[PDB]
There are 2 protein chains.
Amino acid sequence: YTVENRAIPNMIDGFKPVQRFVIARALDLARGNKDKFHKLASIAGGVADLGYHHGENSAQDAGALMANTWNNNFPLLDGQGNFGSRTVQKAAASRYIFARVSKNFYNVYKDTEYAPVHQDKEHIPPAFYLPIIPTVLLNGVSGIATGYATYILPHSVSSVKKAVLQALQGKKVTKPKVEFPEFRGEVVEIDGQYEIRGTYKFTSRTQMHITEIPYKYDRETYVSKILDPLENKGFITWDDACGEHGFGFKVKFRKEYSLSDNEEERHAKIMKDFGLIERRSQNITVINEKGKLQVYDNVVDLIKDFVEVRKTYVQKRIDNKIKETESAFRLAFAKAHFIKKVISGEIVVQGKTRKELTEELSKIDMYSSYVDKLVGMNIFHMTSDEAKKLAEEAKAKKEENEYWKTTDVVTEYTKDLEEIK
Amino acid sequence: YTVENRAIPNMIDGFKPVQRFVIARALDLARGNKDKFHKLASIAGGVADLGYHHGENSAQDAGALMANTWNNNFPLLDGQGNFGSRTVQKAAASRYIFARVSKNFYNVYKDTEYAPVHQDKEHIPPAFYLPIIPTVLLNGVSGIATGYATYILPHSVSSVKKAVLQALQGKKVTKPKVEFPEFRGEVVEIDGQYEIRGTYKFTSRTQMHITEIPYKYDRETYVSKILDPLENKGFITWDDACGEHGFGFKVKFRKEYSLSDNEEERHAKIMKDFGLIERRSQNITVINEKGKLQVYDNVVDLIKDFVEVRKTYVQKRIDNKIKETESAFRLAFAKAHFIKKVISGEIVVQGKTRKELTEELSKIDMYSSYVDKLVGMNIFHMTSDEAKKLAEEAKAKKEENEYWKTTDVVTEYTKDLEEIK
């Protein structure tokens, strides 16, 4: 059960079912008003109302996992309170912190009502939501399921948007840049793996300043796994000089730590001894559709197949827009035509009863179908200028009907990317 | 402040302001559904929402004071849980017990919307509610205010109803019978006071069975104030053999307690030594209207002046019924008449605009007054059978108008006593 509904996310929405629960509870609380925040303890209580059944403290941990910004290039939930940064990896209590749906979420998650229904009928969130850009590989996540494991590193945004703009006419795959938020070092892709390299500066011959450490190292683990083994072995003397929105370590080399005269060998020795190279292997494989694992390369093929799935939804919304515009056209044309018929008096209504008038309007098929609104017409409607207004509404619904008949999916998608402010 | 709003009740509703708070909170909780019960802890919380400001535990004591039936001949609040009986005078906790508005309350408290407004604007209950029978003296209550005291004994119901039935044509005052609930003894009115006499039976020469004790004696106080002083003085030996819905004491006379050979002297000696005569002085004086103390005799003069106050309210409701029936008559006559005018086509509406039609219907004063519903007429209304239906409605409102013009207060009150099931 944990391989499909607890641990590992999906292609389309880009989130686990627990993460679907927390964003749906944020949306359900924000149904009253968008701009107000909501306590994440109440969200961890209400995900069980939506159907979460793995403990509300795990929902608090997930609320800390999306509510932070140091593990998210493309944030989706606005947070109020103490959540942390790259320094500390733990947020505060759920009663102290507040969360709400962000403006970026509405910038990405539109047309969510066409989501296919979850197999669990007690899950008020459906199977997978419909954003405009999937975020399963845009943020980075770690997950171990029964017999399977995955580790995902985030990448860029705008260059990936350029890649999808190339891909909509069918071009080649563009390799993105592995970008992490609040990161100041370098990422170099060698033989499939990625060397993540922190920034260290020789302030003098035996003094060093470190501003970037890898993502497996917070303050405490970089002290205890690098700075404390180097300190206890008589190598360096370290001082913690980090900031609120960054890192900083002042390292003084003792006389036992020999430094090579060649810059390359000394650089390799320092960069290996300080652990500032992290050789990460991103496991891209994750669920598509209703529980099938899929191996990809980066975000680009992800959003390619996301667009290819999304095109069917936009074609369905085009067909439904055609149906509703043709329907509103014939309803408003029946409005204007029946009004004009009773302006000219060709249909007599006075001196009569209910059932005789229904059988009288039953002889004309449009009027027979739309009695229930045409008998719903008021003395507001018993005028000529309202006949012209409803004929104008029928003409507007007709021109919108050929507008939705002549439109395409791809131009609509470019327009939908165009209002992203 | 305690002389008018805390301690002593009123004529009309028959309840203290705290008791008005508890019945209004019961009604406010029962606004969703009548037949469901509500926890009296929530009621003691919500009386402060209505404006009670003398501690919610006092509201719990009041909920025990009306929720029981052993101090109430004419009960008004249905209770679910453990409340007690004549045996124990203390109910359970307010969290455990539940209370709701009873069917008897709706049998008595009709036309409550004509209650005059309380002087305290923060009191959501008004000054005094409007039942059909007042219950300030029908249940019995004890109250000590600043410089004043009152003690009230309940009396009968149906004989008092016969007395008010005599009083509505202006007959003499009928003296009721002082009736207490779950009482099996006797009440004899001597020189203004009342001797309440419990039942005691000579099972043999030196054995006695007691089935009724006075209202100042529960189990514990009749043991500690009668049975224990008689036991410690070497007089009797008592055994507690009471039931769930009654009393019982088995008394064996010891040899030191001499019994008189005359039945009257022995009866007087036993009845004085066992305390089974309670000589109670009922203090009838209690507030009328907006805080003025009034001395009466029994329930009969109370319901006499209650009827005399109530006659003004029924006359006002008769006048308001006349006004609303004449209004609905002229509105429905304008319906049928304007429909008939547009059936015959004497008022042209087509080919026209809004303001010209309003100025056209402004020339006829009934149509000028009732444009806003006559322009609100649908194509439902543009028929002849609906003209006949609305003329029938105008005729029904007219016959109801002369029905409310020809009716009287007294016949209405007899009808209102007639559906009391």
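Here Cβ is always computed from backbone atoms with ideal geometry, including for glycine, and neighbour counts include all displayed protein chains. What follows draws every value from the coordinates through simple rules; no lab data is involved.
Below is a table of values for the structure above.
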{"item": "Cβ nearest the rotation axis (A onto B), residue from chain A and distance to the nearest whole Å", "result": "A:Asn378, 3"}
{"item": "The stretch A:318-386-the stretch B:10-46 distance, computed between alpha-carbon centres (Å)", "result": "54 Å"}
{"item": "Sorted by Cβ density within 10 Å, fewest first, the residues B:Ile318, B:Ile12", "result": "B:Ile318, B:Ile12"}
{"item": "Ascending list, in nanometres, of distances separating the A:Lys421 label from those of the other copies (7 Å, Cα toward Cβ)", "result": "6.4"}
{"item": "For the protein assembly as shown, calculated [θ]222 nm from helices alone, where every DSSP H run of n ≥ 4 adds -39500 (n - 2.57)", "result": "-12500 deg cm²/dmol"}
{"item": "Cβ-placed point charges (K, R +1; D, E -1), dipole of chain A about Cα centre in debye, nearest 20", "result": "380 debye"}
{"item": "Choice from A:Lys255, A:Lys352, A:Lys323 with maximal GNM fluctuation in chain A (Cα, 10 Å cutoff)", "result": "A:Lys352"}
{"item": "Linear extension gain, B:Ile144 paired with B:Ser281, 0.36 nm per residue minus alpha-carbon span", "result": "47.8 nm"}
{"item": "The stretch B:77-167, Cα convex hull volume normalised per residue, Å³", "result": "191 Å³"}
{"item": "Calculated from backbone phi, Karplus (6.51, -1.76, 1.60) coupling profile of the stretch A:250-256 in Hz, x at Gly/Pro", "result": "9, 10, 10, 7, 7, 6, 6"}
{"item": "Angle between chain B longest axis and helix B:409-418 axis [Cα atoms, degrees, rounded to 10]", "result": "60 degrees"}
{"item": "Cα-Cα over 18 Å, subset of B:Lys162/B:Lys304; A:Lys340/B:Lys335; B:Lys201/B:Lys252; B:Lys290/B:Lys323", "result": "A:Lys340/B:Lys335; B:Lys290/B:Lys323"}
{"item": "Gaussian network model of chain B, springs between alpha carbon atoms under 10 Å - residue of B:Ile152, B:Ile213, B:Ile190 with greatest fluctuation", "result": "B:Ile190"}
{"item": "Other copies of A:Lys363: label-to-label distances in nm, shortest first, labels 7 Å along the beta-carbon direction", "result": "3.5"}
{"item": "Cβ-vector label at 7 Å, B:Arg205, separations to other copies in nm", "result": "13.1"}
{"item": "Fluctuation leader among A:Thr285, A:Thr135, A:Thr383 - chain A, Gaussian network, Cα springs under 10 angstrom", "result": "A:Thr383"}
{"item": "0 to 90° range, to nearest 10: angle between helix A:17-29 axis and chain A longest Cα axis", "result": "60 degrees"}
{"item": "Where labels lie 7 Å past Cα in the beta-carbon direction, separation of A:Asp365 and A:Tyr106 in nm", "result": "4.5 nm"}
{"item": "For the stretch B:200-273, fraction of C-alpha pairs farther apart than 21 Å, in %", "result": "22 percent"}
{"item": "Charge dipole (chain A, unit charges on Cβ, about Cα centre) - positive-most of A:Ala396, A:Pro126, A:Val160", "result": "A:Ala396"}
{"item": "Hull volume in cubic angstrom per residue (convex hull over the Cα atoms of chain A)", "result": "198 Å³"}
{"item": "Crossing angle, helix B:384-406 versus chain B [Cα axis fit, 0-90 degrees, rounded to tens]", "result": "50 degrees"}
{"item": "Extension gain, A:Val309 back to A:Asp297 (0.36 nm per residue minus Cα-Cα distance, nm)", "result": "2.5 nm"}
{"item": "Coordinate range along principal axes, alpha carbons of the protein assembly as shown, Å, largest first", "result": "133, 97, 46"}
{"item": "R0 of 51 Å, Cβ-Cβ distance B:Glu265-B:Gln166: FRET efficiency to nearest 0.05", "result": "0.75"}
{"item": "Cβ-derived FRET efficiency at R0 45 Å, B:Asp120 paired with A:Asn320, nearest 0.05", "result": "0.15"}
